[PDB]
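A.B. asks: This is the structure alone, sequence omitted:
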């Protein structure tokens, strides 16, 4: 059997404003943003027991996604990180531990990227923190192609919105979509976000990427009453759970804009990471 699907586009009415959600949270055990970024690696056919080296937060969505990617394919994941809290060691990190990730701690408190790169032997594959690399663009070429087909099937000319951390996903979706892509800076400000994108691709053309501001300054990973309420409303009334770190801010901004085209909101997935944020709520 050959079977293929693409994530569906779902219609939602929020206080009379009808818009569309690209349900990338339904892509599978690996879903959402990091599933799109992993498309390049999933399409490769690496030798058995291939080793992968990455780094970043011990509770990060990328860690969780990479651990599943490696476990499904009998690859190995080496994950460098800052010296982990004693409390956390004894008590996404749990899922990565269960998937057999080889954690290597930055005992000498050095530059975590340099530390990680140094562990990368010949024949190992290095994957930048958060998969914030050029390889990540192929999954967003794929996402752009899916949206191209689905937009035509609906005869809708969309404006697309997705929230940013490093801006990698939004930059590459805007690179390949015919539709205008809108984003927001969940980490830092818009100046910082442009700087990250230009570090990723110094030749990047911002002609198809627009940046929206929130009318309130929200600090990354801090809890906000209005975010919890929106999260719970979307969960209880629509059975759609969103990530509380990026997507709930992104939705909050998108829902305050006046859109001149139908809006397609890209679900970022990562709801298994909500364990940590919900504790703060």
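C.D. replies: All right, it came through fine. Numbering: from 1, shown residues only.
A.B. asks: Determine the longest helix present in the protein.
C.D. replies: Longest among the helix segments of the chain by residue count, using DSSP state H, is helix 137-154.
A.B. asks: So in that sheet, which strands flank the helix or strand immediately after it in the chain, and in what orientation?
C.D. replies: Using DSSP states H and E, the helix or strand that directly follows helix 137-154 along the chain is strand 159-161. The pairing partners recorded for strand 159-161 under DSSP bridges are strand 181-183 (parallel), strand 263-266 (parallel).
A.B. asks: all strands in this structure, in order from the N-terminus.
C.D. replies: 9-14, 17-22, 51-55, 76-82, 102-106, 125-126, 159-161, 181-183, 209-211, 263-266 (DSSP state E).
A.B. asks: For my notes, please list the strands paired with strand 159-161 in TSV and give distance to residue 166 for each entry.
C.D. replies: For the C-beta atoms, the positions are set from N, CA and C on the backbone; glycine is no exception. Compiled in TSV, the strands paired with strand 159-161 are given as follows (distance: least, C-beta to C-beta, whole Å):
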stretch	distance to residue 166
strand 181-183	11
strand 263-266	15
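A.B. asks: Residue 1: which of those is closest?
C.D. replies: strand 263-266 (29.3 Å; C-beta to C-beta).
A.B. asks: who's in contact with that closest one?
C.D. replies: With contact meaning C-beta atoms under 8 Å, 6 or more residues apart in numbering, strand 263-266 is reached by 9, 19-22, 24, 143, 147, 151, 158-162, 173, 179, 250-251, 254.
A.B. asks: Buried ones among those?
C.D. replies: Neighbour counting by 16 or more other C-beta atoms under 10 Å classes 9, 19-22, 24, 143, 147, 151, 158-162, 173, 179, 250-251, 254 among the contacts of strand 263-266 as buried.
A.B. asks: those helices in the stretch 151-281 of the chain, which residues are they?
C.D. replies: Under the criterion DSSP state H, counting those that start in this stretch, the stretch 151-281 of the chain contains helices at 168-176, 190-200, 225-238, 247-254, 274-280.
A.B. asks: Now tell me what touches the last one from outside.
C.D. replies: Spelled out, it's helix 274-280. Applying C-beta under 8 Å, 6+ apart, the contact partners of helix 274-280 are 59, 92, 221-223, 241, 243-245.
A.B. asks: Counting neighbours, what do you get for the residue nearest to residue 133 when sequence neighbours are not counted?
C.D. replies: Nearest non-adjacent residue to residue 133, counting by C-beta to C-beta, 6 or more residues apart in numbering: residue 127, 7.0 Å away. Number of residues near residue 127 (other C-beta atoms under 10 Å) recorded here: 28.
A.B. asks: what does residue 198 give?
C.D. replies: 14.
A.B. asks: I'd like the distance between the nearest residue to it once chain neighbours are set aside and residue 164.
C.D. replies: Nearest residue to residue 198, sequence neighbours excluded (C-beta to C-beta, 6+ apart): residue 204, at 5.9 Å. Using C-beta to C-beta, to the nearest Å, one gets 13 Å for the distance from residue 204 to residue 164.
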